[PDB]
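Enquirer: Chains as they are written, first to last, in the authors' numbering: chain X, 325 to 329, 339 to 432; chain F, 12 to 31, 59 to 130, 196 to 215, 220 to 356, 376 to 384, 396 to 672, 676 to 729, 740 to 791; chain G, 651 to 687, 689 to 738.
For each residue, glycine too, the CB sits at the ideal point set by N, CA and C.
To start, I am sharing the structure in question, which I have written as structure tokens.
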Amino acid sequence: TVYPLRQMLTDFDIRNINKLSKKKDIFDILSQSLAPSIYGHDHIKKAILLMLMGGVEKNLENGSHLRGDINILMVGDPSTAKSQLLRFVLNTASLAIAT
Amino acid sequence: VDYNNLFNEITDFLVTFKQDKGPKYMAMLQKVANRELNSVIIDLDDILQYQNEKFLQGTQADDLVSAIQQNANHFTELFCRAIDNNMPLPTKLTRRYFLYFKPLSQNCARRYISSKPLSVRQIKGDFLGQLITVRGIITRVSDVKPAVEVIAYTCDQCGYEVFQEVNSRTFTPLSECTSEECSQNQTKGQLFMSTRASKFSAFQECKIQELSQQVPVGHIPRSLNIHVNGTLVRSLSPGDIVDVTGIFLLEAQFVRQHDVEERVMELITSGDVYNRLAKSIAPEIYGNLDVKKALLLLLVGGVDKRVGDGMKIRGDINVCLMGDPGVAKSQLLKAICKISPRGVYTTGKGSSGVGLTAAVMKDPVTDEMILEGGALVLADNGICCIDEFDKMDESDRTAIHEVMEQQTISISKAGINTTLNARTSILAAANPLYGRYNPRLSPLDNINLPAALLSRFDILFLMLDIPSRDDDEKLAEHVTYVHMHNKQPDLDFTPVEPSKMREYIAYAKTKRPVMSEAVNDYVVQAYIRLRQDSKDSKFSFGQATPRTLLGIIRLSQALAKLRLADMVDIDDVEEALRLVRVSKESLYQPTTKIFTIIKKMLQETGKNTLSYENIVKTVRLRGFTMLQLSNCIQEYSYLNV
Amino acid sequence: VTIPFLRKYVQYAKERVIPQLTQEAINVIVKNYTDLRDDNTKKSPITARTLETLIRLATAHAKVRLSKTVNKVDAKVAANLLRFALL
């Protein structure tokens, strides 16, 4: 028989995320709280926060599906923490594969 | 299942046939006794008629058609002996003939199943041993080679020549004597082989491929192997669609090659069929009705003309799409290949050099030199598209220009020196040298393609984007509307599904329009004026060629074919010339009555406007075309009015 | 804020709430796309795929706040991210 077809959630954590749902200062402090070992680059990690949360994956009727995923390319001088940010996004996502 | 009565039924069938000289099977045995033929064809229709004759007389049928369909390899060796039991005397191992089968059609199936058109994805595994009729294109074929069936050994010591039977791909030489005289003997003398008394067969392997519209969503057209023998060995020439009926071990036996009216009449009766079929295909993009209108005339094809004296001209169109990035290019190309059958998507670099021409390659299963194939051979009759046309090389261009000029490719390399035909329509998508356009540069310098390439190209579309204030909002509104939901905008028109216009294209393709003399005198005058105007500055590009005149004639034939008419009117040439002039116009970003009409128009505002949208509106309801008034504008300018 | 909190935040937003569009966030993104389609003459090419990516991010922000539909400020923060990553 073949059938083709992760942190546990309590009722105390849902009260905390419902309490943090209507304040309009949430996004900046959540983008600033992901990597405190890296100075600066707030808008880049703002896009990285929007990147790891995802999209919607809309499937059209009787046609092709629509892309919900976002893709990010980062360039610059090799002096900063671009190679130090991949270890943080590999260890803090739901599931990630680095090559 | 019994064999003792079924063999009696088989030997009683061939002597009691009167439904289709006289007893035709005995006449075929007399013909093979006259030594004129070597192929025996057995049909199931005669079996069905003999079964009907035996069932209507109250006799036992003892069904053959439900027994021939399973295990035909035992039946081709069992009924052959029943044919061998009776032969007429001639008047002019010992198998003089070759036995083959053919199934019954669907017309004999509805008139009192066994022969269904099967896919290679519809094989399931458990059909190994049923007779199957597969439909598909043929890409790989091999040469005819003699494969032995029985090995003949001769001896000088006894004289009894022995014969062994091989079944596999390989065998071993029987050096030990197994005769009836060497068993009771001390001596066991050497044996030799005979290449003359040994029976051979014209063996050939072929690779059948899955049909393009029969494959599922996302899947690729996988192949299958067919092993043919005997007289069927020259009935398979590559580059065609075939229906192969044979047993599945594939040992072929017979090959052949090639509600709806309500669906076409409800598409016709809505009014403005050409514009509805233009705006129906690819509605997820914004505007460009002219480019995609010529794409509609491109996939409808046109009329292939034969002079009947050894000269064939093209009845096809080839369209270029030169543009800057920002507007969608792969979507129109994908929609054309998804709507039209046999559409194959290609690329610029990669295996393209071997993906446009035959590529020699060793074959491991049979161990030999096979000739692989590109993208122009599986897509024989249809749309062949090229994405990133300027990213290719000279080897791709020299083969693309050869099928662009005339439909026969000839290749003479260390593998083969052969020819093959491929009626294809070339769709090309290209970009300039610096990505986008340049207004300070000439179009001969902006386009890196040579004069012989775009001189053969009749329609080149300069899809150039210009930033604006009003027109950009509609493209933004359209992409937000299609990204909000899958539905199209609320206009008073419904987008037609692929099957209905596919049926309309297949129904319009059988039409053969003939040009008149009144359109002939307009065609030659417009060609003379276009040649003189084209016959050298900053914004110029190319010159007027006779191939462009032939393409104008082909587009007029396609416009008459889309209107399902037997004749070519004056309305098609004036639309085609407007199409070919507005194809290049984006870079800048019978007369007295008309004169009287102009005067009537003046009797309101008294305006001498240069270009018209509301003067021409009172002309089309009367009976004159758009070309007659076009001359009335220029002529009259000599009246200074 | 900490490491085991944002993981639960991201997966609850991924599993429960799906955002939809409003008329307040269609016009401002139409205005932004038509204003940039400036960059073509100055520093960067703008394509049709970018139209799709300009609302993907909005939806993102709208689901960061886990609202059932999008807002105008999501398109505004997407345009701010565009101004930082393009200029």
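1) Taking 8 Å as the threshold, find out whether the region 101 to 119 of chain F comes into contact with the region 233 to 252 of chain F through three or more Cβ pairs.
2) Which residue marks the beginning of the beta strand (DSSP E) containing residue 509 of chain F, and which one marks its end?
3) What three-state label does DSSP hand residue 312 of chain F in the structure shown?
4) So with CB distances below 7 Å, who are the chain F contacts of residue 680 of chain G?
5) With burial defined as no fewer than 16 other Cβ atoms inside 10 Å of the residue's Cβ, what is the status of residue 432 of chain F: buried or exposed?
6) DSSP state of residue 77 of chain F, grouped into three classes?
7) When the Cα of residue 80 of chain F is compared with those of F:340, F:102, F:346, which residue comes out closest?
8) Residue 401 of chain F to residue 478 of chain F, Cα distance in whole Å?
9) Taking only runs of the alpha helix (DSSP H) that begin and end inside the region 367 to 422 of chain X, which ones reach a length of at least 4 residues, in chain order?
10) Leaving out five residues on either side along the sequence, give the residues of the same chain with a beta carbon under 7 Å from the beta carbon of residue 747 of chain F.
11) When the Cα of residue 404 of chain X is compared with those of X:415, X:388, X:328, which residue comes out closest?
12) Figure out for me which residue from F:339, F:20, F:261 has the closest Cα to the Cα of residue 76 of chain F.
13) Using a Cβ-Cβ distance under 8 Å, would residue 353 of chain X count as near chain F?
14) Using three-state DSSP, classify residue 203 of chain F as helix, strand or coil.
15) Which of the three DSSP states is assigned to residue 571 of chain F in this structure?
16) In whole angstroms, what is the alpha-carbon distance linking residue 647 of chain F and residue 710 of chain F?
17) Using C-beta distances below 6 Å, list every residue in its chain close to residue 651 of chain G, excluding the 5 sequence neighbours before and after it, in chain order.
18) Do three or more CB pairs link the region 631 to 648 of chain F to the region 400 to 418 of chain F at distances below 8 Å?
19) What alpha helix (DSSP H) runs, 4 residues minimum, are completely inside the region 534 to 619 of chain F?
20) According to DSSP, is residue 459 of chain F helix, strand or coil?
21) For the 8 Å Cβ check, are there 3 or more pairs between the region 691 to 708 of chain G and the region 362 to 369 of chain X?
22) Out of F:296, F:342, F:698, F:227, which has the shortest C-alpha to C-alpha gap to residue 251 of chain F?
23) Cβ atoms of residue 334 of chain F and residue 298 of chain F: under 8 Å apart, would you say?
24) For residue 249 of chain F versus residue 312 of chain F, is the C-beta distance shorter than 8 Å?
25) Can you find the residues in the same chain that come closer than 6 Å, C-beta to C-beta, to residue 633 of chain F, ignoring five residues on each side of it along the sequence?
26) Are the C-beta of residue 711 of chain G and some C-beta of chain X separated by less than 8 Å?
27) Return helix, strand or coil for residue 336 of chain F, following the three-state DSSP convention.
28) Can you tell which of F:336, F:766, F:245 has its C-alpha closest to the C-alpha of residue 328 of chain F?
29) Just to confirm, is the Cβ distance from residue 561 of chain F to residue 547 of chain F under 8 Å?
30) At a CB-CB cut-off below 8 Å, which residues of chain G make contact with residue 465 of chain F?
31) What are the boundary residues of the beta strand (DSSP E) that residue 253 of chain F is part of?
32) By DSSP, does residue 684 of chain F sit in helix, in strand, or in coil?
33) Do you know how far the Cα of residue 615 of chain F is from the Cα of residue 669 of chain G?
34) Within 10 Å of its beta-carbon, does residue 314 of chain F have 16 or more other beta-carbons around it, so buried, or fewer, so exposed?
35) Taking a cut of 7 Å between CB atoms, which residues from the region 593 to 604 of chain F lie near chain G?
Expert: Let's see:
1) yes
2) For the purposes of this step, residue 509 of chain F is taken as residue 372 along the second sequence, with counting starting at 1. Where residue 509 of chain F is concerned, the enclosing beta strand (DSSP E) stretches over 505 to 509.
3) For the purposes of this step, residue 312 of chain F is identified with residue 205 of the second sequence, where counting begins at 1. Residue 312 of chain F falls in the strand class under three-state DSSP.
4) Taking the third sequence and counting its residues from 1, one reaches residue 680 of chain G at position 30. Under the 7 Å cutoff, chain F gives 610, 613, 614, 617.
5) Here the question's residue 432 of chain F lines up with position 295 in the second sequence. When all chains shown are included, residue 432 of chain F counts as buried.
6) Mapped onto the second sequence, residue 77 of chain F falls at position 39. Strand.
7) On the second sequence, position 42 is the one that residue 80 of chain F refers to. Comparing Cα positions, the closest option is F:102.
8) Within the second sequence, numbered from 1, the residue matching residue 401 of chain F stands at position 264. Within the second sequence, numbered from 1, the residue matching residue 478 of chain F stands at position 341. Each residue's alpha carbon lies about 19 Å from the other.
9) 375 to 386
10) Within the second sequence, the letter at position 597 stands for residue 747 of chain F. Excluding positions up to five away in sequence, the list reads 768, 769.
11) Locating residue 404 of chain X in the first sequence gives position 71, counting from the first residue. Among X:415, X:388, X:328, the Cα nearest to that of residue 404 of chain X belongs to X:388.
12) What you label residue 76 of chain F is simply residue 38 of the second sequence in a count that begins at 1. Of the candidates F:339, F:20, F:261, the one whose C-alpha sits nearest the C-alpha of residue 76 of chain F is F:339.
13) Here residue 353 of chain X refers to the residue found at position 20 of the first sequence. No, its Cβ sits nowhere closer than 8 Å to a Cβ of chain F.
14) Sequence index remark: in the second sequence, residue 203 of chain F carries index 100 (1-based). Residue 203 of chain F falls in the strand class under three-state DSSP.
15) Locating residue 571 of chain F in the second sequence gives position 434, counting from the first residue. If DSSP states are grouped into helix, strand and coil, residue 571 of chain F belongs with the strands.
16) Here residue 647 of chain F corresponds to residue number 510 of the second sequence, with the count starting at 1. Here residue 710 of chain F corresponds to residue number 570 of the second sequence, with the count starting at 1. Their backbone Cα atoms lie some 22 Å apart in a straight line.
17) Counting from 1 along the third sequence, the entry for residue 651 of chain G is found at position 1. Hits under 6 Å: none found.
18) Yes, the region 631 to 648 of chain F touches the region 400 to 418 of chain F.
19) 580 to 583, 588 to 593
20) Residue 459 of chain F sits at position 322 when you count from the first residue of the second sequence. Of the three classes helix, strand and coil, the one that applies to residue 459 of chain F here is strand, per DSSP.
21) no
22) Position 144 of the second sequence holds residue 251 of chain F. For residue 251 of chain F, the nearest C-alpha among the options comes from F:342.
23) Here residue 298 of chain F corresponds to residue number 191 of the second sequence, with the count starting at 1. Here residue 334 of chain F corresponds to residue number 227 of the second sequence, with the count starting at 1. At the C-beta level, residue 298 of chain F and residue 334 of chain F stay beyond 8 Å of one another.
24) Counting from 1 along the second sequence, the entry for residue 249 of chain F is found at position 142. Counting from 1 along the second sequence, the entry for residue 312 of chain F is found at position 205. The Cβ atoms of residue 249 of chain F and residue 312 of chain F lie closer than 8 Å to each other.
25) Taking the second sequence and counting its residues from 1, the one referred to as residue 633 of chain F is at position 496. Excluding sequence neighbours, residue 633 of chain F sits near 417.
26) To locate residue 711 of chain G, count along the third sequence from 1; it is residue 60. It does: the Cβ of residue 711 of chain G has a partner Cβ on chain X nearer than 8 Å.
27) Here the question's residue 336 of chain F lines up with position 229 in the second sequence. Coil at residue 336 of chain F, not helix or strand.
28) In the second sequence, residue 328 of chain F corresponds to position 221, counting from 1. Looking at the Cα atoms, F:245 is the closest of the given residues.
29) Walking along the second sequence from the start, residue 561 of chain F turns up at place 424. Walking along the second sequence from the start, residue 547 of chain F turns up at place 410. No, they are not a contact pair.
30) Locating residue 465 of chain F in the second sequence gives position 328, where the first residue counts as 1. Going along chain G in sequence order, the residues near residue 465 of chain F (Cβ under 8 Å) are 699.
31) Sequence index remark: in the second sequence, residue 253 of chain F carries index 146 (1-based). Taken as a continuous stretch (DSSP letters only), the beta strand (DSSP E) holding residue 253 of chain F covers 252 to 261.
32) Numbered from its first residue, the second sequence carries residue 684 of chain F at position 544. Three-state DSSP puts residue 684 of chain F in coil, outside helix and strand.
33) Along the third sequence, read from residue 1 onward, the residue named residue 669 of chain G stands at position 19. Along the second sequence, read from residue 1 onward, the residue named residue 615 of chain F stands at position 478. Each residue's Cα considered, the two are about 20 Å apart.
34) Mapped onto the second sequence, residue 314 of chain F falls at position 207. By the 10 Å Cβ count, residue 314 of chain F comes out buried.
35) 604
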